[PDB]
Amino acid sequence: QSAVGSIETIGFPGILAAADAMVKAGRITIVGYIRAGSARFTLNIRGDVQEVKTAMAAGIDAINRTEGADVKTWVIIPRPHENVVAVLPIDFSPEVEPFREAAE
């Protein structure tokens, strides 16, 4: 299992900013987002651990430059367990398969 990164902000424009900065800074795949409630949004990515760290640094900085946005919470799990991947929305799906291949 490749590493997983997750980041959360208030507002959709912030997570859009995070998304574009993350995928351009690191060789990673965006696998999903969550409408978390209370206008908070989460973005989830996968990749080599060093690449997720690089991307996450970029996503933090991008949210903090976005009007009205700030980083609420984030984490990186270097090697997620299969039970985690099965239950939480962090697995790959056919719609992002083309981007996984490009990254690897």
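Residue numbers here begin at 1 and follow the sequence given.
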Subject >> Between the two ranges 11 to 19 and 89 to 97, the one averaging a larger CA B factor in the entry >> reply: 89 to 97
Original post:
Thinking about Cα B factors across the chain, which third does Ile60 belong to?
Top reply: middle
Original post:
Of the three thirds of its chain by CA temperature factor, lowest, middle or highest, which one includes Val71?
Top reply: highest
Original post:
Which third of the chain holds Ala36 when residues are ordered by C-alpha B factor: lowest, middle or highest?
Top reply: highest
